[PDB]
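Notes follow once the structure below has been shown.
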Amino acid sequence: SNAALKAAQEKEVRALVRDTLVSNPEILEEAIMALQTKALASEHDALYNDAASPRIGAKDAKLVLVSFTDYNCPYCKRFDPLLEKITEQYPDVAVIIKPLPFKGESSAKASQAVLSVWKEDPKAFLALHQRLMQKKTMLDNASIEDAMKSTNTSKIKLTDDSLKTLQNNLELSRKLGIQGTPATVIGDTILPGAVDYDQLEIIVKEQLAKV
Amino acid sequence: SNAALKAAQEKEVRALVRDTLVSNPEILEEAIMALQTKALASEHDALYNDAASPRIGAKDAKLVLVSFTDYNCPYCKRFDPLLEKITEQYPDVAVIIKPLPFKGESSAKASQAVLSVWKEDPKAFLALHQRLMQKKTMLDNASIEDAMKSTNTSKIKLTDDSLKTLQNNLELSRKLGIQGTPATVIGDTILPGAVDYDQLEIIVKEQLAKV
Amino acid sequence: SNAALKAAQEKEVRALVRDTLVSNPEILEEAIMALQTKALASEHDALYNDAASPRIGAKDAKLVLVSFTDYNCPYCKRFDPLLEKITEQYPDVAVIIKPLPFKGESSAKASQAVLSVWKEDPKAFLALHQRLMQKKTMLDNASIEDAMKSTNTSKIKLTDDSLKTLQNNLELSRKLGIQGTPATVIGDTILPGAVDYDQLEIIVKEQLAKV
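Residue numbers (the working numbering), protein chains in the order written: chain A, 227 to 437; chain B, 227 to 437; chain C, 227 to 437.
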């Protein structure tokens with residue numbers, strides 16, 4: 227006929243699609259990882275070549291981690307020093323910061339602050355980034371203003387343009403299927419959540435050995 | 227035998243389920259969209275015909291957008307004026323508001339406020355909705371109370387019944403697979419995240435041309 | 227040849243993988259549930275046998291619910307009394323509490339508080355757990371300190387070790403595919419979101435009848 231399969235065979239194939247996925251649902255996980263790998267490739271320039279995205283470490287770094295993070299995210303605050311320590315112990319490693327507004331208004335405001343500072347004065351970014359991360363309270367307008375005053379960045383205006391960069395980060399995180407912070411792109415892998423320094427150190431080395 | 231497929235063929239089919247999804251994981255995306263389309267159809271009356279859900283624009287509107295949103299969500303605040311502007315420029319378009327408690331306690335409180343106002347005095351809803359959206363701070367009990375005082379709605383009690391409407395919105399968002407705000411139902415599409423006015427304007431027109 | 231399927235049959239099978247999942251996307255839901263069931267089994271000891279995780283009810287309980295929850299989550303606050311009431315009406319039912327830091331810094335701080343109290347003085351945990359849940363405001367350092375003072379637990383230090391327990395809860399929630407609170411493990415089911423007492427009462431009975 228016009229079909230290579232018999233109708234009875236077609237019916238069994240359809241049943242086998244269900245049975246295979248229900249009995250071996252790990253296939254779905256593998257498929258999602260494959261979808262993530264393709265997303266990393268398609269969004270590569272947004273990840274690594276966005277001039278508006280702050281960078282910690284050498285511009286000439288041979289490995290670049292991409293940190294999707296939130297200044298109001300508790301394990302982001304605790305993980306960020308570990309990311310920065312990698313750049314200190316491994317000069318060939320840099321970290322790109324992708325602030326996200328996940329935890330609400332103050333997160334967006336904080337992100338707007340660091341992104342505006344980065345554009346106006348890149349060298350001044352790190353101090354504010356760190357001050358916001360080490361803050362032990364949920365951020366608000368007053369505390370963010372204090373952070374900028376305390377890092378000598380209070381002269382720098384928060385721009386509407388920086389909110390577009392922030393929106394790009396948000397769109398990027400969605401395209402990569404990231405729905406939690408901290409999320410860290412390391413080579414072909416997206417690390418979900420914080421990890422201790424030794425594990426991070428191992429993972430970056432495994433990726434350093436691939437260059 | 228009792229099988230249209232040979233055992234060897236069955237084995238290859240199972241392998242092909244995996245290989246097909248891993249090599250072409252876009253199939254999963256298409257399947258999720260199909261699942262979303264079915265969800266929109268099954269939850270149609272909860273979406274469009276819930277009297278307890280506030281509406282912006284004409285009751286006789288031929289196109290109705292459903293805005294899943296959060297008063298503590300930064301890009302919700304910035305996107306909402308665009309949704310309202312559509313109803314001003316396109317009188318045949320209305321917007322149904324589905325407040326969500328995603329960003330925590332104050333979000334629920336704020337939602338409770340607008341939903342309670344809608345039930346007691348529908349015409350009084352819009353002012354409070356707008357005041358809460360334009361608020362530049364993470365909401366709290368005091369700021370929500372100020373919003374109600376500033377919109378002459380402070381006489382209206384927050385009801386436990388409005389918390390049921392809010393719970394319905396939450397359950398609805400889950401059934402639709404919405405895990406982020408703002409999410410906007412436009413015809414057969416669920417728009418993820420905010421978009422600029424011109425893009426929104428194009429999308430609504432494409433849907434207006436289908437009526 | 228080396229293939230049980232003809233090439234034309236292979237092509238049709240690949241097409242049928244797509245068509246089956248797009249026409250019957252409920253298969254994906256069933257597959258995810260299967261993946262959840264396997265996750266519950268593999269993470270069983272983290273769920274039920276973590277000494278660092280607070281328990282409400284009898285240690286010798288024959289049914290144990292696992293409550294993934296957040297002190298800044300509005301419907302968590304309203305659902306928790308229902309979970310505790312089950313343990314009062316059904317002494318053979320206990321509830322394990324898994325605090326999560328989803329809503330930000332104060333959530334982590336609050337979780338750190340209850341987990342630190344549990345380890346130092348288990349009997350003192352419940353009062354603080356309840357006080358934090360009944361709090362009508364988004365928590366902050368001051369309000370958390372007040373909660374501890376008001377429950378005679380302010381002598382107990384927040385430990386860095388409790389932050390590891392909290393991180394375990396977070397990792398556990400991810401492995402189980404939980405991306406919202408309250409999430410309640412009941413036997414082989416993961417209940418998403420809050421439910422009224424009568425429905426909860428029915429579900430626990432259905433699981434009680436399986437022991």
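A virtual CB, placed ideally from N, CA and C, is assigned to each residue, including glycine.
In the pairwise beta carbon analysis, the segment 293-304 of chain A is classified as touching the segment 327-340 of chain C: at least three pairs are separated by under 8 angstroms. Scanning C/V343, C/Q356, C/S293 for the CA closest to the CA of C/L384 turns up C/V343. Ranked by how close their Cα comes to the Cα of C/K401, the residues C/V243, C/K264, C/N250 have C/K264 in first place. Straight through space, the alpha carbons of A/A368 and B/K362 are spaced by roughly 12 angstroms.
If you check each beta-carbon in the segment 388-400 of chain A against every beta-carbon of chain B, the ones closer than 8 angstroms belong to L389, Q393, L396, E397, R400.
Here C/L326 carries a coil assignment [DSSP, helix/strand/coil]. Note on the segment 266-331 of chain B: whole beta strand (DSSP E) runs with a minimum of 3 residues are 289-295, 319-325, in chain order. If you look at C/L417, you'll find it in the beta strand (DSSP E) that goes 415-418.
Using beta-carbon distances, A/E371 does not count as an interface residue toward chain B, since no partner is under 7 angstroms. Taking a cut-off of 8 angstroms on C-beta distances, the segment 305-317 of chain A touches the segment 413-427 of chain A, as three or more cross pairs fall below it.
For C/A233, the uninterrupted alpha helix (DSSP H) run begins and ends at 233-249, by DSSP. Under DSSP, A/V411 forms a beta bridge with A/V292, A/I416. For C/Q360, the enclosing alpha helix (DSSP H) stretches over residues 351-360. In the assembly as shown, C/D386 is an exposed residue. Its beta-carbon has fewer than 16 other beta-carbons within 10 Å. For the options B/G406, B/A353, B/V319, B/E346, the alpha carbon positioned closest to that of B/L434 is the one of B/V319. Judged by pairs of C-beta atoms under 8 angstroms, the segment 345-358 of chain C does not touch the segment 240-247 of chain C, as fewer than three such pairs exist.
Of all alpha-carbon atoms in A/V239, A/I412, A/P280, the one lying nearest the alpha-carbon of A/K345 is that of A/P280. Proximity of chain B to C/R240 at the Cβ level (cut-off 7 angstroms) is accounted for by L242, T246, in chain order. Within 7 angstroms of the CB of B/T379, no CB atom of chain A is found; the nearest one sits about 22 angstroms away.
Residues of the segment 294-313 of chain C that bring their beta carbon within less than 8 angstroms of a beta carbon in chain B comprise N298, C299, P300, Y301, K303, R304, in sequence order. Our two residues, C/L254 and A/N250, have alpha carbons roughly 12 angstroms apart in a direct line. Taking 7 angstroms as the cut-off, the beta carbon of A/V437 is found no closer than this to the beta carbon of A/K329. Neighbours of C/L261 in chain A, taken as residues at a C-beta separation under 8 angstroms, are given in chain order as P251, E252, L254, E255. With fewer than 16 other Cβ atoms inside 10 Å of its own Cβ, B/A229 counts as exposed. Distance between C/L392 and C/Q405, taken at the CA atoms: about 16 angstroms. Residues of the segment 407-430 of chain A with a C-beta atom less than 9 angstroms from some C-beta of chain C are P418, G419, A420, listed in chain order. Chain C has a Cβ within less than 7 angstroms of the Cβ of B/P327. C/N395 and C/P307 do not touch by the CB rule: their CB atoms are close to 21 angstroms apart, not below 8 angstroms. Using a CB distance below 9 angstroms, the part of the segment 350-365 of chain C facing chain B consists of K361, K362, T363, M364, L365, ordered along the chain. Taking 7 angstroms as the CB threshold, A/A230 lines the interface with chain C. From the beta-carbon of A/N367, the residues of chain B found nearer than 8 angstroms are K362, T363. Non-local C-beta neighbours of A/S376 in its own chain, meaning closer than 8 angstroms and more than five positions away in sequence, comprise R357, ordered along the chain.
Secondary structure of C/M364 (DSSP, three-state): coil.
Taking a 10 Å sphere around the C-beta of B/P327, we find 16 or more other C-beta atoms and assign the residue as buried.
Boundaries cannot be given for B/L384, as no alpha helix (DSSP H) includes it and DSSP labels it neither H nor E. Taken through DSSP and simplified to helix, strand or coil, B/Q262 comes out as helix.
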